[PDB]
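Notes follow the structure.
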Amino acid sequence: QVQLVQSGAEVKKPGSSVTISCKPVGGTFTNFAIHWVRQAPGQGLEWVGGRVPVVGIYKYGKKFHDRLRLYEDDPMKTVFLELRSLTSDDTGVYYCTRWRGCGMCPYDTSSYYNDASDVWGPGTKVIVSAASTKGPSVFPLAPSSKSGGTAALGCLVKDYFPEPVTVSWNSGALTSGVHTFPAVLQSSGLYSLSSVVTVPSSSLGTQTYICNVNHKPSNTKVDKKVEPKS
Amino acid sequence: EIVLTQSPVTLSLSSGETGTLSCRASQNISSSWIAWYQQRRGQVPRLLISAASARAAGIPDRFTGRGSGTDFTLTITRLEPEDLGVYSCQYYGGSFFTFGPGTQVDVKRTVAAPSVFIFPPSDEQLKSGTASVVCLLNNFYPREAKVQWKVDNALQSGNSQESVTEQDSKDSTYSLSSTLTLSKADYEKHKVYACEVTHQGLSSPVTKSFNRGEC
Ligand SMILES: *[C@@H]1O[C@H](CO[C@@H]2O[C@@H](C)[C@@H](O)[C@@H](O)[C@@H]2O)[C@@H](O[C@@H]2O[C@H](CO)[C@@H](O)[C@H](O)[C@H]2NC(C)=O)[C@H](O)[C@H]1NC(C)=O
């Protein structure tokens with residue numbers, strides 16, 4: 001069959017440019033356009049551009065004009081995407097795709113630009129951020145009220161980079177009612193998330209609640225006891 | 001300028017039900033250039049249908065595409081758990097390809113209003129220069145929910161971020177966290193911090209609030 005292999009994850013400063021590679025494994029090289037599709041976090045698929053290698057038939061999305069460049073290295077059988085002037089709007093997963101078509105195509109020498117994509121690369125993650133490695137600061141989310149005998153508490157894990165961070169409660173002994181939300185990139189280029197848990201409000205003065213925050217890229221481990229403020 | 005729209009935003013189905021997803025084109029287009037893709041969570045998208053109705057290889061018979069002119073549909077019969085995900089239509093004619101916004105297919109259950117909680121900034125954060133206020137919407141359904149922040153009855157915009165859990169495997173519900181980011185100076189200048197939540201399971205919007213300084 002036909003397979004697509006892409007380069008590894010990238011972290012780029014705002015205003016810089018990124019280059020992604022896509023190396024097809026199988027089939028021909030100049031018959032079918034390679035079409036790049038990206039996906040920003042929590043958004044739909046967005047077509048970036050496509051190019052028939054060597055033959056040089058290509059188009060760029062209007063949003064990416066004066067900013068994008070698609071090209072290939074014929075000897076190495078590799079195609080490339082270049083996106084300049086990166087902003088946070090360019091953060092996401094970049095897929096190279098193409099139509100399998102006639103595989104080896106012994107009966108066709110034409111080139112084809114207009115096709116769906118049944119072959120998809122694994123995706124290349126691109127993080128646009130002007131931030132270096134930094135450990136999180138863990139703040140408590142204190143419970144207090146007079147919700148049907150059930151209270152919520154948690155930990156706000158803020159201002160770290162890069163992903164990921166792992167969160168557990170009472171060294172993993174407390175799992176029911178735990179919601180650890182997906183991290184979000186804030187305007188500063190640092191990640192932030194919260195982890196909440198619902199507990200019986202009658203046991204707030206008796207049970208000890210600690211969240212375990214471990215950030216391997218920063219070699220940071222924090223344990224924050226969440227008490228009701230009074 | 002061909003723009004694809006899709007409906008519904010979220011399609012909720014039970015195992016074995018039938019669902020119909022709609023894609024709408026800006027103008028008349030040929031069915032030769034319409035495709036449907038499936039994306040499961042964390043996985044790469046996959047081609048289901050090309051040329052509006054031609055089922056891709058390996059795709060089960062449960063998926064069928066139809067349509068012409070400006071209205072195209074994808075029908076899923078006998079829905080199975082592997083079919084949960086986001087379905088997107090694509091136009092690949094002409095020079096500039098385009099995708100629809102996608103439709104989410106999730107597990108159906110009865111309506112559940114969220115339990116709403118609001119958390120003030122901790123003192124340990126205030127001594128750092130910033131103030132985060134957190135609003136939690138716990139175990140609700142359907143997915144659609146609105147959160148509005150209000151500081152001394154002034155509506156906030158541009159200074160909040162929200163994230164949502166995946167649909168829980170046990171109770172098929174969602175949870176949502178909304179985080180209001182304020183400077184210490186702006187936080188100390190106001191008293192009433194309110195989170196106003198709008199959801200189908202609520203007869204009217206619910207407002208949780210606290211006063212800075214336990215007032
Ligand atoms: C957009 O297309 C519709 C439908 O056209 C039909 O379906 C197409 C796939 C193609 O096969 C056409 O040849 C078909 O006629 C148009 O609606 C038709 O309009 C004509 C007027 O020329 C009328 O005689 C037909 O009865 C209409 N069809 C129906 C079902 O009512 C529509 O006009 C097209 N849009 C524009 C702006 O022309």
Side-chain angles (χ1 to χ4, degrees), chain A residues 31-37 39 43-52 57-65 95 97-102 105 107-108 110-120, chain B residues 1-11 13 17-39 45-79 83 85-105:
Chain A
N31 289 123
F32 295 96
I34 299 294
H35 281 282
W36 294 87
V37 181
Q39 186 167 38
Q43 298 188 13
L45 299 165
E46 181 173 33
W47 178 77
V48 179
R51 177 178 170 86
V52 187
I57 299 184
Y58 75 96
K59 294 295 173 185
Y60 297 157
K62 298 280 188 57
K63 183 178 179 178
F64 310 96
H65 210 290
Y95 301 97
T97 78
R98 61 157 277 181
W99 181 247
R100 174 170 288 104
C102 39
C105 302
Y107 305 132
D108 202 348
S110 309
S111 292
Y112 298 101
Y113 177 84
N114 297 89
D115 274 301
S117 292
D118 60 341
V119 189
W120 284 71
Chain B
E1 187 234 24
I2 297 187
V3 167
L4 301 177
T5 56
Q6 288 184 244
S7 74
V9 172
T10 312
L11 180 62
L13 300 169
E17 284 190 359
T18 302
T20 300
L21 301 79
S22 302
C23 182
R24 170 75 54 84
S26 289
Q27 55 186 354
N28 276 346
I29 55 180
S30 176
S31 69
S32 306
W33 317 107
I34 284 294
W36 290 89
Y37 298 85
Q38 173 193 65
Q39 186 169 27
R46 179 176 68 153
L47 178 69
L48 299 186
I49 311 276
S50 61
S53 63
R55 191 174 308 112
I59 300 304
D61 196 18
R62 307 193 304 272
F63 307 98
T64 60
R66 300 175 178 88
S68 64
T70 192
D71 304 329
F72 300 86
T73 66
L74 174 70
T75 301
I76 314 173
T77 71
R78 192 131 60 188
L79 183 132
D83 307 334
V86 181
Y87 295 78
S88 304
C89 58
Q90 181 207 33
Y91 178 78
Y92 52 92
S95 297
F96 310 106
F97 296 4
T98 190
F99 289 89
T103 287
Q104 182 103 39
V105 171

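Order of the sequence lines fixes the chain letters, A, B, ..., with proteins taken first and strands second; residue numbering starts at 1 for each chain. Counting starts at 1 for both ligands and their atoms, in listed order.
- Heavy-atom minimum distance, A/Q43 versus A/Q39: O-NE2, 3.0 Å.
- Comparing heavy-atom distances from atom 9 (C) of ligand 1 across B/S31, B/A25, B/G69 singles out B/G69 as nearest.
- Of the protein's heavy atoms, none falls inside 4.0 Å of atom 18 (C) of ligand 1.
- No donor-acceptor pair closer than 3.5 Å links the side chain of B/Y92 to the backbone N or O of A/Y113.
- By the definition of a contact as any protein heavy atom under 4.0 Å away, atom 11 (O) of ligand 1 is not in contact.
- Of the protein's heavy atoms, at least one falls inside 4.0 Å of atom 1 (C) of ligand 1.
- Side chains of B/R24 and B/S22: no donor on one and acceptor on the other come within 3.5 Å.
- Between the side chain of B/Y37 and the backbone N or O of A/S117 there is at least one donor-acceptor pair closer than 3.5 Å.
- Using a 4.0 Å threshold on non-hydrogen atoms, atom 27 (C) of ligand 1 does not count as touching the protein.
- Among protein heavy atoms, atom 3 (C) of ligand 1 sits closest to B/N28 ND2, 3.7 Å.
- Taking a distance limit of 4.0 Å, we find that atom 35 (N) of ligand 1 is approached by some protein heavy atom.
- Seen from the ring of B/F96, A/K62 counts as a face-on cation partner, given the 6.0 Å and 45° thresholds.
- Between B/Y87 and B/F63, the ring planes lie tilted relative to each other; the angle falls in the 30° to 60° range.
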